[PDB]
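Asker: Have a look at the structure that comes next, please.
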Amino acid sequence: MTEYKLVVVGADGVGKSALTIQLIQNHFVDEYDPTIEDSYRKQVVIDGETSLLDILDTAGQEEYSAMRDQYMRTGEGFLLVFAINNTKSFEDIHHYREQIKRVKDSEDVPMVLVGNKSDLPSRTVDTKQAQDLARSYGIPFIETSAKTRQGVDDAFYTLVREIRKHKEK
Ligand SMILES: C#Cc1c(F)ccc2cc(O)cc(-c3ncc4c(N5C[C@H]6CC[C@@H](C5)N6)nc(OC[C@@]56CCCN5C[C@H](F)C6)nc4c3F)c12
Ligand SMILES: Nc1nc2c(ncn2[C@@H]2O[C@H](COP(=O)(O)OP(=O)(O)CP(=O)(O)O)[C@@H](O)[C@H]2O)c(=O)[nH]1
Ligand SMILES: [Mg+2]
């Protein structure tokens, strides 16, 4: 069975774990341990292909050991998550993309930009700003809410499709 290694990255509090748990368990809860980093799996059918998604939900201290580089390098695609109510989380996207390009040693890594917490009224990052950034990176942009489930399947399935496009090259 086909398997895809997906990694969910971004600033604290943006909703990486809530997104992951929506994908796997189809629900939202008010609280998630902010400290837990681990991998999870879901079996999915995307465009008729059955596959296993192994999802690394990142967390924990900001450290750059060689071991951490090597683990990140096994990721085949990355969700770059920010929250639409947190400008700093959007500003930090650049850094996460640089670290991915560094460990993958490539300017062509499958990535999707994800603007999470789309249900909240307290927007500080404009949709247009995010679209322009994703266009500049050459990657898709998906608006999500882990709370309502808006966009969640689309974000993960779009990342799988980006991985397939890379595999065709
Ligand atoms: C992820 C990943 C990541 C990759 F995708 C790819 C390759 C990587 C190779 C690494 O060896 C290591 C990583 C990696 N591991 C953890 C990070 C992290 N933490 C602290 C918090 C926020 C998320 C979670 C984990 N808990 N924080 C920031 O950056 C935070 C900011 C704010 C304070 C200063 N820095 C610089 C920028 F300004 C942004 N980067 C991180 C990072 F790159 C990598
Ligand atoms: N309204 C709303 N709340 C969200 C959404 N996604 C996550 N949350 C909430 O935001 C907070 C952070 O959620 P969490 O999933 O732990 O984020 P994280 O990015 O995993 C935090 P860490 O970086 O420490 O692992 C929680 O209170 C969570 O329920 C969303 O789409 N909408
Ligand atoms: Mg988390």
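Values quoted throughout were computed directly from the atomic coordinates according to the rules given, and no laboratory measurement underlies them. Note: ideal-geometry Cβ built from the backbone for every residue, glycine included; neighbour counts use all protein chains shown.
Asker: Note down the nm distance, to one decimal, between modelled labels 7 Å out along Cα→Cβ at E31 and at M67.
Answerer: Modelled inter-label distance: 3.0 nm.
Asker: Under a crude label model (7 Å from the Cα following the beta-carbon direction), how far is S106 from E3 in nanometres?
Answerer: Between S106 and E3, the label points sit 1.8 nm apart.
Asker: At most 16 other C-beta atoms within 10 Å and a DSSP loop state: those are the exposed GluC sites (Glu not before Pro) I care about. Give me the longest piece of the chain that has none.
Answerer: Result, exposed sites excluded: 108-169.
Asker: Quick one: of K88/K147; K42/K147; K88/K165, which pairs are farther than 29 Å apart, Cα to Cα?
Answerer: As for pairs spanning more than 29 Å Cα to Cα, those are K88/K165.
Asker: In percent, what relative contact order does the stretch 2-168 have, based on Cα pairs under 8 Å that are 6 or more apart in sequence? Please list the in-between numbers first.
Answerer: Numbers: 301 pairs, mean separation 43.1, N = 167.
Relative contact order, the stretch 2-168: 26 percent.
Asker: Now for a different question. Considering only C-alpha atoms, what is the centroid distance from the stretch 1-50 to the stretch 111-160, in Å?
Answerer: Between the Cα centre of the stretch 1-50 and that of the stretch 111-160, the gap is 15 Å.
Asker: Another question about this same structure. With N set to the number of residues, divide the alpha-carbon radius of gyration of the stretch 2-168 by 2.2 N^0.38 Å and report two decimals.
Answerer: Its radius of gyration relative to the 2.2 N^0.38 Å reference: 0.96.
Asker: Sorted from fewest to most neighbouring beta carbons within 10 Å, what does the list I93, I24 look like?
Answerer: So the ranking, lowest neighbour count to highest, is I24, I93.
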